[PDB]
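Just the heavy atoms: all of them, side chains too, but no hydrogens, waters or symmetry mates, feed the values below. Every chain is numbered from 1, with letters handed out A, B, ... down the list of sequences. In each ligand, atom 1 is the first atom listed, and ligand 1 is the first ligand listed.
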Amino acid sequence: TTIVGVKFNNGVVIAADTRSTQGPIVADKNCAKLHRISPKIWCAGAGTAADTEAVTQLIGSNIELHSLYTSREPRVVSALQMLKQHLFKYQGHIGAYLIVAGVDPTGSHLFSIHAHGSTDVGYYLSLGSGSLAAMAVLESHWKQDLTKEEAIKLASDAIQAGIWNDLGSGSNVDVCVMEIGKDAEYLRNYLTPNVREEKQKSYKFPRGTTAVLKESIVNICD
Amino acid sequence: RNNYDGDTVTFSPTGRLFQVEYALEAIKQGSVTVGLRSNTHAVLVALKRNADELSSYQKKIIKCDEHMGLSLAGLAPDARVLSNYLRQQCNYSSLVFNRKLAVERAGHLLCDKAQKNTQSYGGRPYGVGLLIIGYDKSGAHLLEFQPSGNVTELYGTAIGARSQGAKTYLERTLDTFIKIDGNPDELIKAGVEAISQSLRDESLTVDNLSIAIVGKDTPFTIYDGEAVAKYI
Amino acid sequence: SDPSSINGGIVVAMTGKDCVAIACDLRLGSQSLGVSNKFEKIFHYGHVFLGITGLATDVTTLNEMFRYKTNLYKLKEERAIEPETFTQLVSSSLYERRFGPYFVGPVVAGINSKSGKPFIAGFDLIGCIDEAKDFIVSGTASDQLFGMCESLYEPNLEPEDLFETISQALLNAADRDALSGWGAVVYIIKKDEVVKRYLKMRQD
Amino acid sequence: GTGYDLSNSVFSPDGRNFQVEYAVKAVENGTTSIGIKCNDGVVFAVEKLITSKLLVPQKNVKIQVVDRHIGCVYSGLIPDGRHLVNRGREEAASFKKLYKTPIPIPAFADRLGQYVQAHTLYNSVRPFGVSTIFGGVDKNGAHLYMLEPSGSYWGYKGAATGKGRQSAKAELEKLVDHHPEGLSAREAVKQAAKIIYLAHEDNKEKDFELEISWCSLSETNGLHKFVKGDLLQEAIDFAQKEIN
Amino acid sequence: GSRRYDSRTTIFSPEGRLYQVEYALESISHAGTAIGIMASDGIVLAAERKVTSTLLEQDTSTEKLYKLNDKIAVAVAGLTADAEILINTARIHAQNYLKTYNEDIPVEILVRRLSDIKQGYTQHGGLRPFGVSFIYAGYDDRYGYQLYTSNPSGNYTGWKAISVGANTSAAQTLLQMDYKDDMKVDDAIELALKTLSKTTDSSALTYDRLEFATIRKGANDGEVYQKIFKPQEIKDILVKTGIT
Amino acid sequence: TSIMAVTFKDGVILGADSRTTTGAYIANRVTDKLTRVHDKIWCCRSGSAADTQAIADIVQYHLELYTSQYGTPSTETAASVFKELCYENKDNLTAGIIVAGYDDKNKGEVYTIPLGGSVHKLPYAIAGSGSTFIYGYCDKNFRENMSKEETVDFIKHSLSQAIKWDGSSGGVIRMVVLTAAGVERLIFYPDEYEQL
Amino acid sequence: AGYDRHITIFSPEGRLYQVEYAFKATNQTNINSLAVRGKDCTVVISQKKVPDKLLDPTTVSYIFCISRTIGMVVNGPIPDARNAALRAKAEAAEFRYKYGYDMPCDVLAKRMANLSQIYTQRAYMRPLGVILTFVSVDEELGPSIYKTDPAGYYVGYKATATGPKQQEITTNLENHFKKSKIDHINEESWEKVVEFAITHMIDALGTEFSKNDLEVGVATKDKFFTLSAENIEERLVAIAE
Amino acid sequence: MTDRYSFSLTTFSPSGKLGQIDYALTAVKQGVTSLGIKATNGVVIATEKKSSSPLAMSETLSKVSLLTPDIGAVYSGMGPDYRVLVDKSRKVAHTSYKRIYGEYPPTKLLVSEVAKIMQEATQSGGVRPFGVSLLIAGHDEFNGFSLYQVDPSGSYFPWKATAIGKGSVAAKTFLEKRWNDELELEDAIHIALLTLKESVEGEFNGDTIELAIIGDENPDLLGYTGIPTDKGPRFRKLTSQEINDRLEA
Ligand SMILES: COc1cc(/C=C/CCCN2CCCN(CCC/C=C/c3cc(OC)c(OC)c(OC)c3)CC2)cc(OC)c1OC
Ligand SMILES: COc1cc(/C=C/CCCN2CCCN(CCC/C=C/c3cc(OC)c(OC)c(OC)c3)CC2)cc(OC)c1OC
């Protein structure tokens, strides 16, 4: 897994690859690793995937209720404080490693949070088994005052660093852009550089080829 | 009709706690007991009350430690509870700090313990009065405890039925018995005298007389029966 | 020692044109010892089919539990639960036991009665959702199953075909796993009807 | 209708809490006690009614210390006053434990105030039959306070409560006028002994024993201490001169 | 204290009656009447709605007939929301039994359990009883078709026909008159309608004032169908049975 | 990491490298280890980042509540809330904290709270893994009541040595100056402190 | 009649006497306060009365600094006033800790209102005899006045007043804004917004004030504060033109 | 805190009345009018914002609350009981539905949950019932549009249209006359506006009344684009302007 977040002049973009692994096996060649906390606060997750989903949906739900109660738009600094205090409680047993990005009425934000409950702030970040490939690219091509289109390119490339160079990362690139005065823009499969080639054969069986002992139609409706 | 006496959570408009005042009444119906002290000793004399003539006379004196004990006048199961709680507080002082609980501090504990029963729903005050004698690091002591929570240090006093007789006798005898240093039996004679000023009809028997003594080189000890004959 | 490997067994699910298929082996064993040849791992609640592999006592418990839950659902909601909703119920249920999980690998298959679209999903033992549109695999021969599926599967198979495909995927993969086999059942599922066939296979 | 004064947390139709007001009647039936705030500390004095010659002098101590730097005195139901001090003590320990600095007087006042108020919130308890005069010297100087059974408290130049309280207020009012610059610690004790003596007239049919204590920056290093021996007798003698 | 405000919901009158239970029963007599009639080939549940307006949405409405399970339904008289909470409880108990034994819960067991919760409120807790009476129609394999009722007291009984709510004695007399054991379901349908129109404190019986359900077999399955009637199906039987 | 706080004539200055590391991998090279728990009460954090962020967050909450009730807390009190959290939870924390702040009564103050939950008031305090290498240097170079410029240099030099030798330290030198004038944030980049 | 007059259950007319009676407790201080909004500030002003020569005048206050940004003024007896402040203080710190931002005025108000309402629904607890007025310059809303009572109600005010003589002040302000056509005191300086508020206080109440007779709280961008006797004096001079 | 009140405060009277439920309903009767109306492509809910001072900003107090993005509430009765009730209802839509099925509840079920909360307050130790009646309007996929009334007793019922509060009997009567099953959402807003004009004394504009609808999906209120399955909330509160515009009619 490789996830990154890059700040640009008017917002923030996060990106992730689409590969879920069980050991050395690829279970999903298109997993969505970009999660929604609120409409303009999004999350990339790495670690135990049940945990990254569990924790973003929980804090997601509490964030919604806080929002309805205070009649205010959700703040990133809140999803941060809530994530980190939940994680810290569980001493890292909740294996969620997270980059949280968003725009709110105070500006644009980018943080990373660790399973144990530590948080970091920066203009560019990465996590995952592709963390290193991605951060090499970011250390090479980042500058302040990125345009939107520049920050997409950058974040997009960094994921490609992990797709190619990291065994744990692969397949497609997912991006979400959240810009200060606009709707969060979510690009599922922004990049698909990994299409499987056409097989050398079709493996359709001639019907009747399987040996059957019993048939019986099944009762759906009571 | 009294609307202000159905529990202790309720103040009367005059600013009184009727349930507490009804408890006090139990004492004033209890059998008389008298306490007094010199600079060396402190004696408790108590008139035990029987039911029939076929009955035991009810024990009015309780030891709390080797250096401290009380007499009770009133609802006796409550005196069991309070003396018990005081036994523990003495014990605790000895185990944890290797220190004999100062008599003055026993008073504080009883007071604070009684008070709690006068401020909470469903509770009820203690129906008993106590005379505490002890000899600690500041010498001889005598304390009187009322279920109101009030505890007062005195040279002498009496509580219960007809107690005022002994009480006034003590006020006149004060400058006399305050000097009975080094002679317990003379301090008890004064104590058993005083208790006769509350004797309406019956006289002191060797069965209704109970007496406790504590002081400088004398641990709290209770005399009843034969042992008390020589003073009556 | 590995709870997901004491009893053995596998489940594979697949989506074709206006249909879905879900298959399982029939084996239940204790390590090397074959105990039962009739232990099915595919259950349904209305028109939602759930296949469970893993520790057998949990497969059983989980089925009883999802019956219970989908019963109270129908009662309160007055409709049968849909695949996507169920898949969410499975996930939240497994996560309830996050630090003491059920040792299973569940697989959901069905057709949305309103939208008509075919649906399959898979989970690990603590509820993370595999949201694939092609096939989902589970159990002790999950590796063999992956290899066979990636090759054999092509999208939009008619029911008669998809049956041939999913059976051949199940069969050969189970023959490369000591802990799976002893018979098989395949469910071909459409909106109108659901057919259930028992395959013939080597009994060793 | 009627019966608003039977349960503790009930608002009467004019918005009052009669049980609190009844508790105040128990305070008024108390002996009188005062606090005089001087230029570097506070004096506390109290009337101890001598019911008989059987009492021991001066062995029925009423003034209480909280922590090391706070004096408390109260009029009314005494066991209630001890219960309140007990709570003040726990509260002051808990404060020191966490914050290291001994509790500042206003902080401490609020601690009792919130706790007294609390007993005017439910019908499961009765209010405290005491008004408490307390204070000492914190990092910000000297503070004097008085606290009523309602939970009400304010800072005072001087305070009195109980039986002889109105004579006392007139006395304290006088001192406040003549000395707008400040009373000294040693003068404040002498003056405090007078006011108790004066206020004893509401009770003249019984004899009384006097108690004084002070927390003074220059006379006690900001620690709460009792006036004993010479300094006490010196103030008794000042009192018995000013009544003639 | 707070003792004065306690109505003591759980004590005997000097007749040895439970005040609140009787008062709750009196409440239930003001509720729309429900009928259960058990025939050889099924059970009928009919009830009249308290709530009526041309603007009341009836396709989506329910206050009388609830499904407990596929074998058991219940007809309600009293506090709808009180019945709602007891109903939920009972659904869970049926599922718990299923989870445990891998059989559908036998009708009496589910009835006893629900009745026993009801009785609990009449002996501890200081809470008001539930203002509900239920008729239960059900089928198990031990006793076949069954009818039962329970009321706030905790008592339940078994019936070939019964009614709860308004005008029960009227209804109990009219049923007892024309019920026979050889009754078929189509017969029992009519009788329950007849009884309702002779008890209703309303002008007549329209389809929109009616709830109606039947628990029978489908002649082909030897299986148990629970049919709750739609408004148009109820109108059909009102025209049919000759009440137009 | 390398952290220190030094008292001087006008107040107190806190310093730190900006490197947090996970093994040999530098997880963050621009870390801010200087942490505000009050207007003029700051801390230097070292140890578990999670343990140490969480502790600071709780202390910030406590002094904020303190403030609204009893006005401004003493530096000593800030140190006490820290000690209390660190001592009573000693089994489940890896935190080493230097607390530093300013009063007009008290001027600059420095408390160090090491792994014990012990607390120590010092004229200056070093801590973190890089600290070992500059024990000798600082003992030879600390003078009391230095000027602001002297002190900023004393920290610059010490921390550049700690960063030089300890690979757990590095990146930028951050400082925070606490005087009556208020609060001044300083930064120093590699190219500057390397060639000293 | 009935016990329905002693605890917070419905009377047959569907009212809650204990709530109504608590509203009466608010006035027994005979202290009036108004609140007003400027351009980028918010001012509360309340009467100060020290009836006893023995009182320390510096200790007598019904304005509380809840947070850095929130001030609260209380019409009611201080025991209940302090109880409420203590809560708000505690409730606003906790908010910040949990959510990483300063508690909004309106939100703290909604919170205190909800606690208030539970006292009207639960029998074991009495409502508090106070009306709370919250002020701040909210970072998202601008200058704010939010009031809560023992019913558990809460509203947003453009300006407001509270106390026995509430109605005088209220109509006085209603009239000023009826001419103004703007919902705030169009003035950039908070000290000319204090002066305005002391002026309308003077008219409606028909009385004069010395520096010891008022209490003033100001809420600016990221600070709420109370004026001393002397800062007040400085306004009291400047008004007399 | 010694809650000794562990007994019901609603008990049956000899007649069979629940005293405190009736008195609660009596408080509802005295509250400002609100109403709801169901069309074929929507539901509208209306109420009068009765300002308790022109010094009060009435936009600071909505009387119409979003519960889920497909469900709104309005009430008549005591405000602080409604406020609290809305909070609890938003939370159970999560804790008891969202956090389990990944969906928001259907209108009936959330309503039922609300009912249950209200039923508990007419039976549990030491509480009075709620003194509100809510009209809850909503949409869901399998049930379509609906409109529910829920009373202090905890009893609830579905309506084609209805009103609650002061002129509930007048307004109800007026609604039967204008209601058919072929109403468009635009027709029902019109009717709701009229019905409200009757029970409104003073000024009647877009600032003194409050309207919300459950209509079509508003993806412009979603806040993000990307997922083509999420189309946005069907609940929409109306502006002063949109109300005033429809007033030229
Ligand atoms: C005992 O004290 C010490 C500890 C350490 C630290 C040791 C290890 C560091 C901590 N971690 C170890 C490495 C693992 N880790 C995980 C980070 C992100 C995981 C990426 C990822 C990979 C996957 O595939 C494997 C995923 O798919 C399952 C996935 O989910 C989307 C995410 C973070 C934490 C270092 C020391 O000095 C040398 C030391 O002093 C003696
Ligand atoms: C700057 O941030 C960091 C902090 C830390 C964590 C610092 C904590 C150090 C942990 N310990 C070192 C300090 C010393 N220590 C115990 C001392 C060992 C001596 C054994 C002993 C045992 C006893 O028990 C009986 C004794 O009592 C008699 C005794 O006498 C002194 C000695 C154990 C624990 C580690 C880092 O990476 C390298 C790091 O860099 C990013």
Contact between ligand 1 and A:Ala49 is defined here as a heavy atom of the residue under 4.0 Å from a ligand atom; is it met?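 So A:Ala49 does not count as touching ligand 1.
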Contact atoms of ligand 1, heavy-atom distance to A:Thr21 under 4.0 Å: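 The list of qualifying atoms is 27 (O), 28 (C).
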Taking only heavy atoms of A:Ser129 into account, list the atoms of ligand 1 that are under 4.0 Å away from them.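 What qualifies from ligand 1 is 20 (C), 21 (C), 22 (C).
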Residues forming a side-chain contact (heavy atoms from CB on, under 4.5 Å) with A:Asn62, sequence neighbours excluded: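 With neighbours one apart ignored, the set is A:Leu58, A:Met82, H:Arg99.
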Could you tell me whether A:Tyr186 and H:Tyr224 have their ring centroids closer than 6.0 angstrom?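 No, the ring centres sit 6.0 Å or more apart.
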Less than 3.5 Å apart, any donor N or O on the side chain of A:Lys84 or A:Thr119 sitting next to an acceptor on the other?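 Their side chains do contain a donor-acceptor pair, which is all the 3.5 Å distance test asks for.
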So is there a nitrogen or oxygen of A:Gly47 less than 3.5 Å from a nitrogen or oxygen in ligand 1?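 Between A:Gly47 and ligand 1, an N or O pair is found under 3.5 Å apart.
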Using the side-chain hydrogen bond (donor to acceptor under 3.5 Å, both in side chains) definition, which of the options A:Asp17, A:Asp174, A:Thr2 pairs with A:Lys33?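 So, applying the side-chain hydrogen bond (donor to acceptor under 3.5 Å, both in side chains) to A:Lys33 and each of A:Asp17, A:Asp174, A:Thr2, only A:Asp17 qualifies.
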Hey, does the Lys NZ or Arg CZ of A:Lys7 hover above the aromatic six-ring of A:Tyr124, less than 6.0 Å from the centre and inside 45° of the axis?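 Ring-cation test returns no.
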Under 6.0 Å from the ring centre and within 45 degrees of the ring axis: does the NZ or CZ of F:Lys121 meet both conditions for the six-membered ring of F:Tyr111?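 Yes, a cation-pi geometry holds between F:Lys121 and F:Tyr111.
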Compile the protein residues with any heavy atom at a distance under 4.0 Å from an atom of ligand 2; present them by chain, then by number.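 Ligand 2 is contacted, at a heavy-atom distance under 4.0 Å, by F:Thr1, F:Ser46, F:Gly47, F:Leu115, F:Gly128, F:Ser129, F:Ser168.
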Looking at side-chain heavy atoms only, is the closest gap between A:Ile113 and A:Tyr97 below 4.5 Å?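 The answer is no; the side chains never approach within 4.5 Å.
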Mind running salt bridge (charged side-chain N to carboxylate O under 4.0 Å, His left out) on F:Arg19 and F:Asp166 for me, showing each step along the way? CA-CA 11 Å; F:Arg19 176 179 285 174; F:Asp166 185 31; over 6 Å; no
